[PDB]
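# Got an experimental structure here, sequence first:
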Amino acid sequence: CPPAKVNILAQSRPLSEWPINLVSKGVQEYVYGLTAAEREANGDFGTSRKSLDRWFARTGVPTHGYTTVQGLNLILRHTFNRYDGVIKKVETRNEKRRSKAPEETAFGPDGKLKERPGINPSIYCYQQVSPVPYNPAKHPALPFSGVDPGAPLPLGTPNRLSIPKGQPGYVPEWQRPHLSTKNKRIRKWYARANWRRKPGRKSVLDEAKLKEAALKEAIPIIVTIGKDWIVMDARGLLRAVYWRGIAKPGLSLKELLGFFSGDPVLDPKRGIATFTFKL
DNA sequence: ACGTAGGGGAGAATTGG
RNA sequence: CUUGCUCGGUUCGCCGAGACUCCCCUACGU
DNA sequence: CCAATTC
């Protein structure tokens, strides 16, 4: 199950103000700093509505309007597994000590866990919120158009030589001999690997011209949690199914992300979300 | 600032109002 | 083989050559 | 139609 990465196009509000992130951060901030007696007392979290509904009342963790069951089970199983990770580490670090031969516990005089886990900013998606083809009617308004999910996707730049002179993608005459006779990736005109600062490049970088060219031919997929929608560029998905030999040139969007899981993992600060290959 | 070293993590197929 | 990314040619129009198991967090060397 | 239940 190898990973594939996708760039983000637009979102209404940033991922910090998302209730799914705020609830996770609030839950994580409350749990890591708990004594070994508090984790067992407060570990009475189930996989049911009524179990989680009152768990916030007893523990007092803020709720920012997040009540979805599976979303809560993706930030409560994980938070207690990170908590157990430090104790298991010093217990597996106890295991190496045991092999060599009181102990090196993970609780100080205050009783708290001294090597407190850091807050994990990953926002884990679930089945009820999965990427779908961006339909202009159902989903909110965005400038970039959405493709039909049933029609096959276009093949990128066929017959590169047969491109008008003076129009983007033109291969000059002195350069047509000694071209790649073997198959490789076909980089686009607006590719940044052709336009970047190099001692030998006299060309001018203009980020406005290139980036606008990039999203007109984009492949948008959308994930909506509450009243927040994130829209992406499903071309890293397309390249992943191309350089790996699992796909052909003509392939529909509905079938493109069927290769991937319905649970993307987002990176709020880096601006990238990672897919995986469902097997 | 950097290897390292070592804990966490990366669905989906029914069922019920 | 439409994005992204590393290393090179270049007539600056784009070309050839690559990588693709990654993110988070706590620690310890230089 | 889509969260809660479930492994």
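Arrived safely. Numbers count the residues shown, from 1 in each chain, chains lettered A, B, ... in the order given.

# drop to CA atoms for contacts and neighbour counts, all remaining ones
Will do.

# Give me the number of neighbouring residues for residue A:76.
Residue A:76 is flanked by 21 other residues according to other CA atoms under 10 Å.

# Over to it: give its phi and psi.
Note on residue A:76: backbone dihedrals following degrees, to the nearest 10 are phi -110, psi -30.

# For RNA strand C, see how far away it is.
15 Å (CA to the nearest atom of the strand, to the nearest Å).

# just residue A:221 next, same as before
From residue A:221 to RNA strand C the distance is 12 Å (CA to the nearest atom of the strand).

# Repeat that for residue A:41.
Taken as CA to the nearest atom of the strand, the span from residue A:41 to RNA strand C is 23 Å.

# Please verify my assumption that residue A:59 contacts residue A:44.
No - using CA atoms under 8 Å as the test, residue A:59 is too far from residue A:44 to be in contact (10.7 Å).

# Mind telling me what element residue A:10 is part of?
strand A:3-11 (DSSP states H and E).

# How about the one residue in the stretch 101-250 of chain A that gets nearest to DNA strand B, nearest residue that isn't a chain neighbour?
Closest approach of the stretch 101-250 of chain A to DNA strand B (CA to the nearest atom of the strand) occurs at residue A:127, with a separation of 4.3 Å. Among residues not flanking residue A:127 along the chain, residue A:262 sits closest, at 5.8 Å (CA to CA, 6 or more residues apart in numbering).

# ok, now residue A:79?
Once flanking residues are discounted, residue A:79 sits nearest to residue A:28: 6.0 Å by CA to CA, 6+ apart.

# Dihedrals phi and psi, the one you found?
Torsion angles, degrees, to the nearest 10, at residue A:28: phi -70, psi -40.
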